[PDB]
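Before any questions on binding or motion, here is one chain by itself as structure tokens, the form deposited in one PDB entry.
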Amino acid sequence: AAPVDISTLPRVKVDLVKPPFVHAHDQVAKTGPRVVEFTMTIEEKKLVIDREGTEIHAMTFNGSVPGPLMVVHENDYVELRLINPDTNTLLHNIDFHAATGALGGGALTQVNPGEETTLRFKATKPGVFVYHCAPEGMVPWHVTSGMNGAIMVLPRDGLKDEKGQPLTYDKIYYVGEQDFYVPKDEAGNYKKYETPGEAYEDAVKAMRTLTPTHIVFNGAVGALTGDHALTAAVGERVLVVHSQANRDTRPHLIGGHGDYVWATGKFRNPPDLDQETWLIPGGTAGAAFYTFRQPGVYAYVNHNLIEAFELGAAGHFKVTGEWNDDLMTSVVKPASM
């Protein structure tokens, strides 16, 4: 039996958006299988990651930490043009956990500054998956410099609950959680470096402590707060895709739940119901579906609360609508007696 002639399939070009937003897509596939075309441009850039002003040299897909969320359906082909402009200094590549073969693509996509490449793979398994740079011999340095994102491979008939009934989200957000290892001197202050090569050994030393200096959502402390808080309305169904390319996390919606959670991200499995908190292992993307029931502020965190509130792994939702006093009320407001 001969393979399909891939040139006979539809091609659709996706235009990516910056996290936590997600490029519009259809949950249930409205066409047959397609070759879904993506382009990303690698950008090495300085980023300020905390309120103190700590500035690092980040390594990004498309200018953001995390890289953007890509969305396809099961048995589509993903065709990525990966560009490493000559304004960068390092070698990069890309590994898709969604893909099969060649170290997820990394063995086929090594691009020096001034080079580009195009990789195609068939997205044979539904789920959310990490993608990340992984140059042989310097893999964790690139990943923990921010060079990771995620791809969602939807079932062609959309998401389903534990009984096989549909689950349809109204909104989707992508939270990439990044552990950074900013090198410290003996007194505990961050060091700064003149070139990437001069940074490398202390970057390795800092990583080998296994103790992040910062753990952030969307690339910085506070990034998903204030004017950039996530939003929803009461009654809205929201999917939050959450990735961590290098270290475990334990997401939690403060004031809510994960009504349906694929903690390790793979949609052929029935979701776990009614979660308070769930474990997304390092190297994984997970997804949680929730229908909001109360308005107000929520905090969405890694529930190692030190990691959340001291190291950065906390964002907010601002939710609009009516308050339900049956679900919760202050019977007696705080008072002296």
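Quick note: we count residues from 1 along the sequence shown, nothing fancier. The term rigid core refers to the most C-alpha atoms you can superpose between the two forms while keeping them within 1.5 Å.
Undergrad: Take the C-alpha B-factors listed in the entry for 125-133 and for 155-163, compute each mean, and give the stretch with the larger one.
TA: Result of the comparison: 155-163.
Undergrad: Out of 237-245 and 187-195, which stretch has the higher average CA B-factor listed in the record?
TA: Mean B over CA atoms: larger for 187-195.
Undergrad: Per the entry's Cα B factor values, which of 226, 212, 140, 176 stands out as the maximum?
TA: Spelled out: the listed residue with the top C-alpha B-factor is 226.
Undergrad: In the PDB entry, which of 251, 146, 114, 265 has its C-alpha at the highest B-factor?
TA: If I rank 251, 146, 114, 265 by C-alpha B-factor, first place goes to 114.
Undergrad: By its CA B factor, does residue 181 count among the lowest, middle or highest third of the modelled residues in the chain?
TA: It falls in the middle third of the chain.
Undergrad: Ranking every modelled residue in this chain by its Cα temperature factor as given in the entry, which third contains residue 87?
TA: It falls in the top third of the chain.
Undergrad: Can you work out whether the C-alpha temperature factor of residue 219 puts it in the lowest, middle or highest third of the chain?
TA: According to the entry, residue 219 has a C-alpha B-factor in the chain's middle third.
Undergrad: Going by the entry, which third of its chain does the Cα temperature factor of residue 26 land in?
TA: Highest third.
Undergrad: Using only modelled residues of the chain, where does the Cα B factor of residue 293 rank: lowest third, middle third or highest third?
TA: Middle third - that is where residue 293 ends up once the chain's C-alpha B-factors are sorted.
Keep in mind that the form deposited in another entry is not shown, yet the notes after this line are about it.
Undergrad: Please name the single residue among 170, 86, 185, 136 whose Cα shifts by at least 2 Å between the shown form and the other one after core superposition.
TA: Comparing both forms, the shifted residue turns out to be 185.
Undergrad: Once you overlay the rigid core, does the Cα of residue 227 travel 2 Å or further between the shown form and the other one?
TA: It does not reach a 2 Å shift.
Undergrad: After the core is overlaid between the shown form and the other one, has the C-alpha of residue 195 moved by 2 angstroms or more?
TA: Passes the 2 Å threshold, so yes.
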